[PDB]
Amino acid sequence: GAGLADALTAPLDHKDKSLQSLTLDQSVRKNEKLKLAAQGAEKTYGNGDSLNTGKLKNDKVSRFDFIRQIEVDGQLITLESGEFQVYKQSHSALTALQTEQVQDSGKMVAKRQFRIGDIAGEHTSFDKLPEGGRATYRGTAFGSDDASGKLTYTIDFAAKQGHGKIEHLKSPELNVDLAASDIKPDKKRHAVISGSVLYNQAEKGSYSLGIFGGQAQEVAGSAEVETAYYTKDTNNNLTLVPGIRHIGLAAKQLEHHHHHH
């Protein structure tokens, strides 16, 4: 697939597959500039700009190089550097950022972080949900340095309650269970599910999924798993501090098309 450079250069096309535009909001805030570069050329994005996801492959992670910067007195200052990840589905898509370089004034230090960017798509109205039956969504859960997570979720529309499970991630602590939670309409009446995660029947963080698709075809959100990492003091004093591991979640129902299997 060589159309990943077309996502940064070619305009929006109505014939492109599935979700063709992603509004970059949380990925780049305020006056910041998010420069994406991959394959051939590059494109700079501002807050609210559109990402031409239509020319990216569905159900796969596209990887760009991102430089998050800001202008100070007419000159761009590199705030963050790393890899920008985009997972595209048919009615929803989400982005993630792997921090590789931060500031620490004029230089850049090497720090590795990972956060979830935007989670956008055709939000399903809570007032337009099915009434009865259980939908099975299967897809990907991807975290820092691991895109092979297998996400499985199921929603009961008669009880308005869904639950899930994450498997096959490299770190066995991240293979956590998505506890049962109710379907609730958010501020914009969109159908969202928020709950906790369970490892060995113990709370280890939270998770938030959004229902996307005109007929609730897909679910897309993120999970925050509670972990603990080491901090090396200025005198080599280790401290076991708590941290959060962010996991991108994106699943879809099994499709049945008119003219192909």
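Numbers for residues simply follow the sequence, beginning at 1. Quick note: numbers below take in every heavy atom, side chains included, and nothing from hydrogens, waters or symmetry partners.
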Using a cut-off of 6.0 Å, state whether more than 12 heavy atoms not belonging to [X] lie near its atom [atom1].
{"X": "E167", "atom1": "CD", "answer": "yes"}
{"X": "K165", "atom1": "NZ", "answer": "yes"}
{"X": "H257", "atom1": "NE2", "answer": "yes"}
{"X": "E255", "atom1": "CD", "answer": "yes"}

Has [X] got a side-chain atom pairing as donor or acceptor with [Y]'s backbone, closer than 3.5 angstrom?
{"X": "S181", "Y": "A179", "result": "yes"}
{"X": "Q217", "Y": "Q215", "result": "yes"}
{"X": "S50", "Y": "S21", "result": "no"}
{"X": "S125", "Y": "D127", "result": "yes"}
{"X": "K88", "Y": "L56", "result": "yes"}
{"X": "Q39", "Y": "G3", "result": "no"}
{"X": "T95", "Y": "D118", "result": "yes"}
{"X": "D13", "Y": "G54", "result": "no"}
{"X": "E218", "Y": "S90", "result": "yes"}
{"X": "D186", "Y": "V192", "result": "no"}

Test side-chain contact (heavy atoms from CB on, under 4.5 Å) on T99 and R115 and set out the steps. CA-CA 8 Å; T99 304; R115 66 184 184 275; 3.4 Å; yes

Residue pair [X] / [Y], side-chain heavy-atom distance below 4.5 Å:
{"X": "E203", "Y": "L198", "result": "yes"}
{"X": "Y207", "Y": "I166", "result": "no"}
{"X": "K15", "Y": "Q20", "result": "no"}
{"X": "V109", "Y": "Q103", "result": "no"}

If you take the centroid of each ring, where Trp contributes its six-membered ring, are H190 and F126 closer together than 6.0 Å?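 No.
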
In Å, rounded to the nearest 0.5 Å, how long is the span from [atom1] of [X] to [atom2] of [Y]?
{"X": "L34", "Y": "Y45", "atom1": "CG", "atom2": "OH", "answer": "8.5 Å"}
{"X": "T44", "Y": "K33", "atom1": "OG1", "atom2": "NZ", "answer": "8.0 Å"}
{"X": "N237", "Y": "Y230", "atom1": "CG", "atom2": "OH", "answer": "12.5 Å"}
{"X": "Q69", "Y": "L79", "atom1": "CD", "atom2": "CG", "answer": "8.0 Å"}
{"X": "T124", "Y": "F212", "atom1": "OG1", "atom2": "CZ", "answer": "7.5 Å"}
{"X": "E83", "Y": "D65", "atom1": "CD", "atom2": "CG", "answer": "7.0 Å"}

Stepwise salt bridge (charged side-chain N to carboxylate O under 4.0 Å, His left out) test for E100 and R112: CA-CA 5 Å; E100 296 289 346; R112 292 184 48 80; 2.4 Å; yes

Please list, chain by chain and in numerical order, all residues satisfying side-chain hydrogen bond (donor to acceptor under 3.5 Å, both in side chains) with [X], sequence neighbours excluded.
{"X": "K43", "value": "none"}
{"X": "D25", "value": "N47"}
{"X": "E173", "value": "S171"}

Could you go through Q101 and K111, starting from their C-alpha distance and side-chain angles, then the distance that decides it, and tell me whether this counts as side-chain contact (heavy atoms from CB on, under 4.5 Å)? CA-CA 5 Å; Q101 304 287 338; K111 264 196 57 181; over 6 Å; no

Can you name the closest pair of heavy atoms from [X] and [Y] and give their distance?
{"X": "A96", "Y": "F114", "result": "CB-CZ, 3.7 Å"}
{"X": "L249", "Y": "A141", "result": "CD2-CB, 3.7 Å"}
{"X": "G221", "Y": "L209", "result": "N-CD2, 3.4 Å"}
{"X": "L178", "Y": "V197", "result": "CD2-CG1, 3.9 Å"}
{"X": "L4", "Y": "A38", "result": "CD2-CB, 3.5 Å"}
{"X": "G117", "Y": "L97", "result": "CA-CD1, 3.8 Å"}

Shared ILVMFWY cluster between [X] and [Y], side chains joined below 4.5 angstrom?
{"X": "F64", "Y": "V61", "answer": "no"}
{"X": "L151", "Y": "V225", "answer": "yes"}
{"X": "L8", "Y": "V86", "answer": "yes"}
{"X": "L94", "Y": "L19", "answer": "no"}
{"X": "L169", "Y": "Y199", "answer": "yes"}

Between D156 and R134, is a salt bridge (charged side-chain N to carboxylate O under 4.0 Å, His left out) present by the stated rule, with each step listed? CA-CA 4 Å; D156 189 348; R134 310 174 188 274; 2.5 Å; yes

Does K252 pair with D59 as a salt bridge, N-O distance under 4.0 Å? yes

Are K35 and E42 ion-paired here, with the side-chain N under 4.0 Å from a carboxylate O? yes

Scan for ring pair (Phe, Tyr, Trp, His ring centres under 6.0 Å) pairs involving residues 133-186, sequence neighbours excluded, and state none if there are none.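 Matches after skipping sequence neighbours: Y87-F142.
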
Just checking, any donor-acceptor pair under 3.5 angstrom between side chains of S144 and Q98?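 Yes, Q98 and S144 have a side-chain donor paired with an acceptor closer than 3.5 Å.
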
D16: partners by salt bridge (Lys or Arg N to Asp or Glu O under 4.0 Å), with sequence neighbours left out: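 If we apply the salt bridge (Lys or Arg N to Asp or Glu O under 4.0 Å) test to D16, skipping adjacent residues, the hits are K55.
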
Quick one: list whatever passes salt bridge (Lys or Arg N to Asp or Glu O under 4.0 Å) with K184, sequence neighbours left out. none

Stepwise side-chain contact (heavy atoms from CB on, under 4.5 Å) test for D73 and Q75: CA-CA 6 Å; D73 289 321; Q75 191 161 359; over 6 Å; no

Criterion side-chain contact (heavy atoms from CB on, under 4.5 Å) on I155 and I193, from CA distance to verdict: CA-CA 10 Å; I155 296 185; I193 295 177; 4.0 Å; yes

